[PDB]
Amino acid sequence: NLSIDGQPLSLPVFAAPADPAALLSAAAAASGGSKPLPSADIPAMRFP
Amino acid sequence: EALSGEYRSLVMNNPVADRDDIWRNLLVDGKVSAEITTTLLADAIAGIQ
């Protein structure tokens, strides 16, 4: 479908480029258990 | 292209024929690109011409 000079009479194939992706990384909550209390014992000193 | 090869192999009984011999024998050009559009009366006219 060219002209007498070989130039195309049709409109070229345009192609919408891709939108650059939005970067996304992993975000996680820190997890951890408490610590159990040590064994108890009556000391040498009174309470105060 | 494939239909033309098989046409001159089976119908025209002359597989060595050129593909333009289909044009001359059938009054239609097959080597056109897929964008060349014409009406139908106009193609009949070009054929009889």
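Cβ: placed from backbone, ideal geometry, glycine included. Neighbour counts: every protein chain shown. Rule-based calculations on the coordinates, nothing more; no lab input.
Below, the figures for the structure above:
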{"read-out": "Residues (among the charged types (D, E, K, R) and surrounded by 13 or more Cβ atoms within 10 Å (Cβ to Cβ)) located in region B:1-29", "value": "B:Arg8, B:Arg19, B:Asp21, B:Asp29"}
{"read-out": "Flag if A:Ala15 is free of Cβ contacts under 8 Å to residues at least 12 places away in the same chain, part of a loop (DSSP other than H, G, I, E, B), of a type outside the set (D, E, K, R) and farther than 30 Å from B:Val32 by Cβ", "value": "no"}
{"read-out": "Which numbered condition A:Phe14 misses (of (1) over 38 Å from the mean Cα position of the chain (by Cα); (2) closer than 30 Å to B:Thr38 by Cβ; (3) exposed (fewer than 10 other Cβ atoms within 10 Å of the Cβ))", "value": "(1)"}
{"read-out": "Any chance A:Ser39 is more than 30 Å from B:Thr38 (Cα to Cα) and assigned to a loop (DSSP other than H, G, I, E, B)", "value": "yes"}
{"read-out": "Test: B:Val32 is within 14 Å of chain A (Cβ to nearest Cβ), under 25 Å from A:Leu9 (Cβ atoms) and surrounded by 11 or more Cβ atoms within 10 Å (Cβ to Cβ)", "value": "yes"}
{"read-out": "Matching entry among B:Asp29, B:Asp43, B:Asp21 (being over 23 Å from A:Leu2 (Cβ atoms) and either among the aromatic types (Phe, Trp, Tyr) or out of contact with any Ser or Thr (no Cβ under 8 Å at 6 or more places or on another chain) (or both))", "value": "B:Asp21"}
{"read-out": "Residue match in region B:1-22 (condition: within 14 Å of another protein chain (Cβ to nearest Cβ), under 14 Å from the mean Cα position of the chain (by Cα) and among the β-branched types (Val, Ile, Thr))", "value": "no"}
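One line per residue, one yes/no per condition, for (1) of a type outside the set (A, V, I, L, M); (2) within 14 Å of chain B (Cβ to nearest Cβ); (3) within 32 Å of the chain's Cα centre (by Cα); (4) surrounded by 10 or more Cβ atoms within 10 Å (Cβ to Cβ):
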{"position": "A:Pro8", "(1), (2), (3), (4)": "yes, yes, no, yes"}
{"position": "A:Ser25", "(1), (2), (3), (4)": "yes, no, yes, no"}
{"position": "A:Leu37", "(1), (2), (3), (4)": "no, no, no, no"}
{"position": "A:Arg46", "(1), (2), (3), (4)": "yes, no, no, no"}
